[PDB]
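Trainee: Structure for the following, please:
(chains A, B and C)
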Amino acid sequence: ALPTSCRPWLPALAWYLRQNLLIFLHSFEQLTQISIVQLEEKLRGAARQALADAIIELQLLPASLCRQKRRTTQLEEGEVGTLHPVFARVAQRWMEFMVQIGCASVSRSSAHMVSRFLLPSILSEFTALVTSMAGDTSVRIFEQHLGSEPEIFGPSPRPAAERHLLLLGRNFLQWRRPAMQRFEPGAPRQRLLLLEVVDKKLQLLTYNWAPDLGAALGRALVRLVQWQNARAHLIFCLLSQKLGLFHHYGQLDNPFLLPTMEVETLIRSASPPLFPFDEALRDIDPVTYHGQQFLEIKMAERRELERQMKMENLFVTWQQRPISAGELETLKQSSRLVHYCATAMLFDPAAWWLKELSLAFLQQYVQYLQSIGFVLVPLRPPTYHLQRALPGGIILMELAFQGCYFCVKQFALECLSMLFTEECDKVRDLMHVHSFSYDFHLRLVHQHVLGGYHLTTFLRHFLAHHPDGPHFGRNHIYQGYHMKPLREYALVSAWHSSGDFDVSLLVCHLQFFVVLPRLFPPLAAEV
Amino acid sequence: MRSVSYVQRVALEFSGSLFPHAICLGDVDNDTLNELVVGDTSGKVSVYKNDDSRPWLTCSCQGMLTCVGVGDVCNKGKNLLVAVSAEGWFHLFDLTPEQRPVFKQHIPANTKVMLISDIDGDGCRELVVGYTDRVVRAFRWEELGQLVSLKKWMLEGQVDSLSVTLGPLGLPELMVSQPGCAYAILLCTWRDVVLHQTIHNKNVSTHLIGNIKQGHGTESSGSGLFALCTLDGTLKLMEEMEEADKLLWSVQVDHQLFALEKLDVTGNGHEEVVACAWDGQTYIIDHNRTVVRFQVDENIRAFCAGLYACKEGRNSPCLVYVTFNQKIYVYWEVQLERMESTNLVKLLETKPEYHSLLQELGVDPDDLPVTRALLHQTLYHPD
Amino acid sequence: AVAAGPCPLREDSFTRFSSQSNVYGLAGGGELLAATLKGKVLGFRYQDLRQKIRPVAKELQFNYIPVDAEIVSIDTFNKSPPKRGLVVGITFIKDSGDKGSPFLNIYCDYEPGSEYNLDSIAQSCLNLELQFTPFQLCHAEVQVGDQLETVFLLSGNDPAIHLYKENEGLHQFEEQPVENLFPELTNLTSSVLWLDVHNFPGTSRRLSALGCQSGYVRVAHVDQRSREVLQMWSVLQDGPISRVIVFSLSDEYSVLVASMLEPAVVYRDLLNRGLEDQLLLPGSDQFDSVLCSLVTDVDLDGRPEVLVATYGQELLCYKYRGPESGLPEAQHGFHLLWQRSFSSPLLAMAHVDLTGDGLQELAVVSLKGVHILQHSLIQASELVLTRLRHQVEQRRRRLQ
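Mentor: Residues are numbered from 1 along each chain as shown, chains lettered A, B, ... in the order given. See the structure here:
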């Protein structure tokens, strides 16, 4: 018994039967009104499903979704216009009706979405997913116009609103043509995707998809909503503890809900991946905006703790007795400049060969610094640096040459506050750069007396520059045939008077000069 | 007595070391808008303008800047940027519409501080420098032009800051900090260095500021107040007056004070003393010992208070901190409606017409509950 | 999204906290109470000195909290006017084991003359085990017989509300069934984050609202003497309900719902239209999450405004442009009045005359400490002056 409504559908129903017949048998209601006892029932359901499937294909979904050519595409592609009445009420309730009647061309699914933030964050992922398994479909979100009663679908404002949606995708390109599709012309064998959304309740109605692939799509949707719900641990222990409720909504209170939950991957790209969390923000879409700042909070402490231990390991290591150059840079950055001193390098004529004297000057001051308790800091394997670790902190020194001056800088790094400042300041009183320069110059002056520098001009320069004479020096100078010449000509001699003070006399045209650090009567007696 | 929490601030990126004396704020482009000058040891000076994170401009000296400043040192009526290095060099910059200076001259090395002011009273502005070895040197500009040396002073205690304030005779002076909460007065760039003491460790570091305003419109010519701070944590404000100093007030704190500036946050003409410690505990004290404490939860390398042009092209009071994480924080909403803490009942009592306006209302302002009931009715139930 | 004027609020003091607090940390007293998570309780007040005031923040020690116990919530109230007394309630967790043991302490000094002494109250505890994790300690006032009775209410980890009534005879707070007095507070699915119970003065009716972690908001118009539910409405929003407040814009009641992932909204005309007239506050979701909220008069105009405190350190204030100055195409709306900023996320506020002048200060508890904000004294001083002179002139014109 068959209805007379499908009078011209004789070929069409011949292609939806040899199609829905081959599921068990191997090789509204008015319009569709060897165990032989159940064979007739089995054979009738196949014809009923064939009639239903032909109804949707040939009388429900050949319609349009929504200068002449411009409006002939925006209406075809549903970008501009309004959704046809078919995809408003009849299509959903008819495809769903293709469930009670046995029919292997329609699927179903569901979801929970414990909150409805994630609808934008589910739609894009579903679009990418559909495009990946089949680029044929084109996602169109036909939201119902607010306040409109029925078919009004204009391609979340006003919260607490049970937002409708009709996320749809279809083979726009393959029109005028109705392994991907499960069926084929046995007839409008075209497929369709319909994803109705009612508040927090998903519903898939994949039709004519490949069976395995369609089931995979549904399961992927299920897993996607599962992962999105698992990305309610912002809800759990970011939002909840933003009010200071660390004990109330803990972790694990879903396949992605396990005691071993990778927080970093689920505060990242919204998908299922193909320090304690329960006090993270203690005393420091909305998912990627709320957990993103948590990530920064958790990195800004990891880096700080990386630096803090570097600060302390060197302290303890040096307090008992080749650190990297970057370590030195960090040490200087973390420390304060306290004092400095510079002095002239007179042997250079330009400041009125010389480099070797500067290095010699460099070494003899280094040896002085060690003699008061300073340790040389070796340069790490890929300018002299000395340290003196103290219980109060670390005191560092730098030696370098710029232009024609010798500069020493004293850093400090605290780690009883005055117990480090006094230690810092006392070293400043012991630098004695002026006296050291005085003595070094006088000693080097006694390296030509004993054997083309104009020694007279240099002596005049030195006398003018330091007429007084530092109190911490030891050497002395006085102005006013056993001689020796000096290419003008100057007479020099050297007797080792020990009244102990090595002394010498130099005379040139009759001007004469007499050349004779610690923490004169012999200068004038030598006549 | 009370603490506050300033909110709005500008963070400027700045990598390099500096001395607590190599930062200042002043007008370099001559537009009545202040910029920020910072001089670091690597051989670069950065000027910050408006509120851009990056520096407005850079100046390339030759080595190890030790002090920077801005002022009319050439006595041409304009403003110029002065930079002094460690080996006694001296650079001039004309930043008015890379960046090599326009003038170079060598001076004695071991420079530590800077001051630019008319110290004698001749009407020409002179330059004063302090050195690491208790030596102070004065200079002048002379048209040719060149820097000509002048009187030079020897001291015993370490010099940390130089300032110019009005003397008892109404003439500019030159004062220099001396350890042990002391200071030395120099004498004239025509026995030689007078000393005064204000008990703690005799080697305690000390900083000094002077020329504190006392009214509105007196900035043209006026001083008399100066402030001293010590590392052990004592602060003092004193007045020159005639014979010796008068101790206006003294305060003992429990931090390591290392800076001293003056600002005007209330905006009533008077200038408040601003001090900062190594741990970031900023103190702001008016001339009546009304302390306001701000606490930036960081560690401080350098501090600077003054007028600055941050937003909408208009000078505003500002505080400037340098931190160990290559960041300079500029706090610029720092204006305070008042210093102390008060309420409407006391504030409305000061105005005189209130007692007439309420006696005409029959209510005798002798019962505080009635007054507050009436005020609540007036403010919250207008009809 | 643009402020219509300047913020008239000036900061007075700021007291720093060693550790952070929570949204239930703030409580009443004119004194204020702020409890830290690590058992630290501070009592804020101000003191007079001739022609000045000084903030005071003193620490208080409560008896039966061990040094490892973590404080979860605190609340306070005063006994109903027939009797006297200040009651404080602290719910903490003793960290014994992987999951701690929740506890409830109710401090109330029954000795005469020391009911309001917080020092004596600090050690008068009545320890009580819970068998559930407490969420929020609220208080309500019900009408029993012919006299008012103030009772405690506590959300629990079990989706239920537990009433703790005092026993007059034996002077102790004991749990009693909730459905006896609050029939609208049964059959819940989520944990009540915030609960509001608004009375109608001179009327045996009441309006109860609650929002839970699920976003479910329920409001019920309930008669007290007959103990029946006159009406019930419910909506299902997105995020956890940080706050619900029942207020009148001027019958004609309305509710304000402040969630964590939606702009704060106001439902208008409760008794006549239910939950359909939804006016959303424009651009109030641009500063992280709305943690706290408040509904009070900030402009001294006699008409309320909405204060919203966010996690992005913002203190927005919204004003109602009612049809009393009708612009029908825009009339009866909320516009952003002004906006302030802070240094730390704001967790709670009050609106209390801390200073004692009649002007209401706005205490704001943030992550780093407690800020006190006063109205701009210069602005308010002249406003009182002009209003007073207008009243005097109009009374001279009238009364003659």
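Trainee: How about chain A: which residue is closest to chain C?
Mentor: Residue nearest to chain C within chain A: residue A:244 (2.6 Å; C-beta to the nearest C-beta). Bear in mind the C-beta positions are built from the backbone N, C-alpha and C, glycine included.
Trainee: gap between that residue and residue B:173?
Mentor: 58 Å (C-beta to C-beta, to the nearest Å).
Trainee: Three-state assignment for residue B:192, please.
Mentor: Recorded secondary structure, residue B:192: coil (DSSP: H, G, I helix; E, B strand; the rest coil).
Trainee: pretty sure it contacts residue B:153?
Mentor: Yes. With contact defined as C-beta atoms under 8 Å, residue B:192 counts as touching residue B:153 (6.5 Å).
Trainee: quick one on the thing from earlier: list the contacts for the residue of chain A closest to chain C?
Mentor: By C-beta atoms under 8 Å, 6 or more residues apart in numbering or on different chains, residue A:244 lies in contact with C:20-25, C:37, C:347.
Trainee: go with 10 Å
Mentor: Shown in contact with residue A:244 (C-beta atoms under 10 Å, 6 or more residues apart in numbering or on different chains): A:281-283, C:20-25, C:36-37, C:71-73, C:291, C:347-348, C:367.
Trainee: Buried ones only from those residues, please, as a PyMOL command.
Mentor: Listed next is the PyMOL selection for buried residues among the contacts of residue A:244, using 16 or more other C-beta atoms under 10 Å in any protein chain shown:
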select buried, (chain A and resi 281) or (chain C and resi 20+21+22+23+24+25+36+37+71+72+73+291+347+348+367)
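Trainee: Pretty sure residue A:115 is one of the things residue C:238 touches, is it not?
Mentor: Yes. The criterion here is C-beta atoms under 10 Å, and residue C:238 meets it with residue A:115 at 5.0 Å.
Trainee: Am I right that residue A:338 sits in a strand?
Mentor: Yes. Under three-state DSSP, residue A:338 falls within a strand.
Trainee: count of residues packed around it?
Mentor: By the criterion of other C-beta atoms under 10 Å in any protein chain shown, residue A:338 has 18 neighbours.
Trainee: can you check residue B:53 too?
Mentor: Applying other C-beta under 10 Å, we find 11 residues neighbouring residue B:53.
Trainee: Contacts only, for it.
Mentor: The neighbours of residue B:53, taking C-beta under 10 Å, 6+ apart as the test, are B:10-14, B:328.
Trainee: That one and chain C: what is the separation?
Mentor: As judged by C-beta to the nearest C-beta, to the nearest Å, residue B:53 and chain C stand 19 Å apart.
Trainee: tell me which element that residue is part of?
Mentor: Assigned by DSSP states H and E, residue B:53 belongs to no helix or strand.
Trainee: go on, residue C:279?
Mentor: Using DSSP H and E, residue C:279 maps to strand C:277-280.
Trainee: chain center to the next helix-or-strand element following that strand: distance?
Mentor: Going down the chain from strand C:277-280, the next helix or strand is strand C:290-296, by DSSP H and E. How far strand C:290-296 lies from its chain's middle: 8 Å, per C-alpha atoms, centre = their mean, to the nearest Å.
Trainee: which secondary structure elements does the strand holding residue C:279 contact?
Mentor: The contact analysis (3 or more C-beta pairs under 10 Å, 6 or more residues apart in numbering or on different chains; DSSP states H and E) places strand C:277-280 against strand C:254-259, strand C:265-268, strand C:333-338.
Trainee: Quick one: name the residues of the stretch 201-350 of chain A near chain C.
Mentor: Selection of the stretch 201-350 of chain A residues close to chain C by C-beta under 10 Å from any C-beta of the partner chain yields A:234-236, A:238-250, A:253, A:281-287, A:289-290, A:293.
Trainee: Can you say which of these are buried?
Mentor: For these, a burial check counting by 16+ other C-beta under 10 Å picks out A:234-236, A:238-250, A:281, A:286-287, A:290.
Trainee: any idea how chain B splits into domains?
Mentor: Domains of chain B are assigned by automatic domain parsing as B:2-331, B:344-380.
Trainee: So which of those is the most surrounded?
Mentor: Highest mean neighbour count of the domains of chain B: domain B:2-331, a mean of 18 (counted as mean count of other C-beta atoms under 10 Å in any protein chain shown).
Trainee: Distance across that domain, terminal residue to terminal residue?
Mentor: Using C-alpha to C-alpha, to the nearest Å, one end of domain B:2-331 lies 18 Å from the other.
Trainee: and it, how far out from the chain's middle?
Mentor: With C-alpha atoms, centre = their mean, you get 6 Å for domain B:2-331.
Trainee: for stretch A:83-102, same thing?
Mentor: For stretch A:83-102, the distance to the chain centre is 49 Å (C-alpha atoms, centre = their mean).
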